[PDB]
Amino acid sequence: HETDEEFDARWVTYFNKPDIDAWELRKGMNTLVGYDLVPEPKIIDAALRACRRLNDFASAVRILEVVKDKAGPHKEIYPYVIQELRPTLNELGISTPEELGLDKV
């Protein structure tokens, strides 16, 4: 197929479409989590800003949960991804699932 960088750039481009609609947002995340990877921060970043243009706070939070879930028992991945997303979280006022209490069973 293609390099890692080309895979990521294609996904970044997908979510960065200015008039991305709600259906494309869902289709893109539901497809993306079928792969054997945790998405790069720059992909999640483009998907969070797409949530912002669609005025959908709750799906921004759900996308953070699914990053954490795709990492399985590799517990170092989620905290690294949140770290890299902080300036975007701060800029858009996205609270994480932990700051919301939504990580409690």
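In case it trips you up, residue 1 is the first one in the sequence shown, and so on.
Student: If you rank every modelled residue in this chain by C-alpha B factor, which third holds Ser95: lowest, middle or highest?
Tutor: As the PDB entry reports it, the C-alpha B-factor of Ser95 lands in the middle third of its chain.
Student: Comparing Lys75 with the other modelled residues of its chain, is its CA B-factor in the lowest, middle or highest third?
Tutor: As the PDB entry reports it, the C-alpha B-factor of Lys75 lands in the highest third of its chain.
Student: Would the CA B-factor of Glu40 place it in the lowest, middle or highest third of its chain?
Tutor: Its C-alpha B-factor belongs to the highest third of this chain's values.
Student: When the deposited Cα B-factors of this chain's modelled residues are ordered and cut into thirds, is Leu85 in the lowest, the middle or the highest one?
Tutor: Middle third by C-alpha B-factor.
Student: Using the B-factor values recorded in the entry, state whether the Cα atom of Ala9 falls in the lowest, middle or highest third among the modelled residues of its chain.
Tutor: Highest third of the chain for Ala9's C-alpha B-factor.
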